[PDB]
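Line by line, the protein sequences are chains A and B. Residues in the first sequence are numbered from 1245 upward in steps of one, following the working numbering. Residues in the second sequence are numbered from 118 upward in steps of one, following the working numbering. Positions of the beta carbon are idealized from the N, C-alpha and C atoms, including for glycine.
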Amino acid sequence: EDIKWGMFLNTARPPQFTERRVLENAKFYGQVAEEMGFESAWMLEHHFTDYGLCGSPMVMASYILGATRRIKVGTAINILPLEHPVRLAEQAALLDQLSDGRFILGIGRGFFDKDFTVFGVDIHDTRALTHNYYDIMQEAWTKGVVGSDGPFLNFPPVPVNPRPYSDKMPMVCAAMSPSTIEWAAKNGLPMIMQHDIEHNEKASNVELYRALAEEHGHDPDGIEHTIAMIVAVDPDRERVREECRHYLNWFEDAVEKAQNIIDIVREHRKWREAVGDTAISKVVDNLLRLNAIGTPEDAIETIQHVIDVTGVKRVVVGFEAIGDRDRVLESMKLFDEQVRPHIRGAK
Amino acid sequence: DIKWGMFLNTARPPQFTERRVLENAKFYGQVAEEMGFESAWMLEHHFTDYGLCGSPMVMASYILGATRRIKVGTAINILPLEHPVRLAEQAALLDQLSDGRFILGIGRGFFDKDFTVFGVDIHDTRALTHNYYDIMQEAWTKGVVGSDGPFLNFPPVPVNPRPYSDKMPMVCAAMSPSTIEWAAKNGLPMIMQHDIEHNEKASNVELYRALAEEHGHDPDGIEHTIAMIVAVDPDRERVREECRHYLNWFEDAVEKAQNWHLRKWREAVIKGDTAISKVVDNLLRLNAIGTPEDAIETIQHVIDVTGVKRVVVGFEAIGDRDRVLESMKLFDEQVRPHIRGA
């Protein structure tokens, strides 16, 4: 009945913050996470928008690991198609060595068309790409030498240095779909699950995973899945709800824009910004409900519910939605003192 | 007042483990900070034991986390091998994260195996390096960059974050004149390897200045860098023998990286072992390997004829941590304090 507690270092940039502030804040929360006995801190990858300024989780993670001693640092996630597998293999294995095995490489397919256009990748291959790039990296780590004649890359056998410090490279997998869930289950690969998914959908995902493991001759109980959550905690549920709502309204618009960025840079007002929609509003109310946003007891109920139905071992939390540093720290304090003590695990 | 950098090498001689090398390296990173070095420096090597670190950006990123004050440069990022939009993102972030303590070394790379494995034409490498530079620069200065260029084709997109620095601190590996010209033209400091004859680095700097001024840049405002193997010991012939044994392996490994019949192989070991002997004789001559006095003489001469403000030293040749720490202590006390600028 002990949850490993994660902490997102967001590099989202609302209009009312500077790049410096957001990045300094991220660095600072990384140190708060160390001080306050978090299991882990977690990095994101994003390109070309203020949805997130960090486009290299490997570099950011490598920094935070340098700047810390105890805490584990993971990526959520590394978009594998965009990277040569042998490059990321070298990267992860070096950081595993440097970090004395405090690093968790997270992997996913990615879902932004801008990303694949710019780096020159075919967005229809991304499934096969990701599986192949995983296979390649895995062999580099486990065997110490890899080549490819496979469908995407041709290159001869070479050794890839260094070898991991860890027996097995610690990893997670973003997996939203059944075919990925099977693949991960097959490859002994823990899931990390986004925060916008319905709780019973998360329950089903884990059950599906547990089934496919057993079917592919693996112990499901020996894998520890991870969940993302927004936590924003305040005595006055109405106060914190409206703070997060402001943030989340921007967040969902920024998401819309990211899927549109290339067209906007080729273009660049009155009747655009006028034409309330309530489509975003629908999503934001959803997010509030799914996530741990309100009083201590609200958060306890919501967090503990998602543990019960899922049985996840780790919860990676993001505090940023409440605003700037004062408000985040107040939130974090409440959480650490009035919420976290009272959470237990599913077994 | 000379700026001292230190190489965190990750070469693995056969008697060493990967773990030991990488743990030494981190540790020397910490020593560099305490003992008032300006900078620490990381290299990029692939598929070879003559350097383990294939990602200078990761290892640079780590060491900047683990230090307060020291600057960390790379020497060098092999540019052709990485998308310029990705490294733009990387360097700008690390500029922000590190608080402008980062220095992005760039180069062309000359190892064929590398370009084979990452699927790059080794013939195209100079143009790529230049093209890729332009793109990164444009990303940093304007904040948006596309390319219907000769190599990459993608629409204009914003690249985040913006650098912390007003200008991204960089250096450029430059062996050949044509590159030296490009460097200068682009107001780009040089970093020179440790196997260049004294006459030549004189020529390189001269040429640089000449081409710099032509292209309307002030050459005095540019701080060039030179790499130097340091190994300092009372006993000239102990330290020399120690570094000879190491460098024998080293330059042998560098050879293998590029890549009746018992008689034809046995005439390859002798022919190889002399070719390697010749390179290693040069290295001992060119570099600061002897008593404190030998070092002082060699270092100061190299400074005199070049006018470099940054000298980057590597200590690893002399052996393991115990011997390196002895060597580093003599350098600090009996060599360093007796070295002047131009």
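When DSSP states are grouped into helix, strand and coil, A:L1297 belongs to the coil group. In the three-state DSSP reduction, A:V1365 falls in the coil class, being neither helix nor strand.
Judged by DSSP secondary structure, A:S1575 falls within the alpha helix (DSSP H) whose first and last residues are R1569 to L1578. Between the beta-carbon of A:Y1273 and that of A:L1288 there is about 13 Å, and that puts the pair past the 8 Å contact cut. Boundaries of the beta strand (DSSP E) around A:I1474: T1470 to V1477. In the structure shown, B:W121 falls within a strand segment according to DSSP collapsed to helix, strand and coil. For B:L214, the secondary structure class from DSSP, reduced to helix, strand or coil, is helix.
Counting other Cβ atoms within 10 Å of its Cβ, A:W1249 reaches 16 or more and is therefore classed as buried.
Within the same chain, and ignoring the five residues on either side of B:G304 in sequence, the residues whose Cβ sits closer than 6 Å to its Cβ are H334. Secondary structure of A:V1519 (DSSP, three-state): coil.
Per DSSP, the unbroken alpha helix (DSSP H) holding A:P1422 starts and ends at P1422 to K1430.
Proximity of B:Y249 to chain A, defined by a Cβ-Cβ separation below 8 Å, is not satisfied. CA-CA distance, A:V1475 to A:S1575, rounds to 8 Å. Of the candidates A:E1517, A:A1419, A:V1390 and A:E1541, the residue whose Cα lies closest to the Cα of A:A1472 is A:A1419. In the three-state scheme derived from DSSP, where H, G and I count as helix and E and B as strand, A:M1437 is classed as strand. In the structure shown, the three-state DSSP call for B:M152 is coil. Distances from the CA of B:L214 to each of B:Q451, B:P278 and B:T258 were compared; the closest alpha carbon is that of B:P278. Check the Cα spacing between B:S320 and each of B:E340, B:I297, B:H240 and B:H362: the tightest is with B:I297. Chain order gives no chain A residues near B:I239, where near means a beta carbon separation below 7 Å; the closest approach is about 14 Å. Excluding residues up to 5 positions away in sequence, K1446 and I1471 lie with their Cβ nearer than 6 Å to the Cβ of A:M1437 in the same chain. When only Cα atoms are considered, B:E359 and B:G436 end up about 7 Å apart. For A:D1542, the three-state secondary structure derived from DSSP is helix. Ranked by Cα distance from A:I1551, the options A:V1450, A:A1455 and A:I1524 are led by A:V1450. For B:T233, the nearest beta carbon of chain A is closer than 8 Å to its own beta carbon. The C-alpha of B:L328 is placed about 25 Å away from the C-alpha of B:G190.
Close to chain B, meaning a Cβ-Cβ distance shorter than 9 Å, are the following residues of the region 1396 to 1429 of chain A: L1397, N1398, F1399, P1400, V1402, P1403, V1404, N1405, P1406, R1407 and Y1409. If you look at A:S1392, you'll find it in the beta strand (DSSP E) that goes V1389 to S1392. Residue environment: B:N248 is assigned as buried (16 or more neighbouring CB atoms within 10 Å of its CB, all protein chains considered). Note on geometry: alpha-carbon atoms of B:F228 and A:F1261 lie some 45 Å from one another. Contact annotation for B:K230 against chain A: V1402 [CB-CB distance below 8 Å, chain order].
The region 188 to 207 of chain B and the region 141 to 156 of chain B touch, with no fewer than 3 CB-CB distances between them shorter than 8 Å. Boundaries of the beta strand (DSSP E) harbouring A:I1351: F1347 to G1352, taken from the DSSP string. Distance from the Cα of A:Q1503 is smallest, within the candidate group B:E414, B:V274, B:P173 and B:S293, for B:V274. For A:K1387, the closest of A:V1404, A:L1373 and A:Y1378 by C-alpha to C-alpha distance is A:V1404. Per DSSP, B:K318 is one residue of the alpha helix (DSSP H) stretching across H315 to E331. Taking the CA atoms as reference points, B:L364 sits about 12 Å from B:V356.
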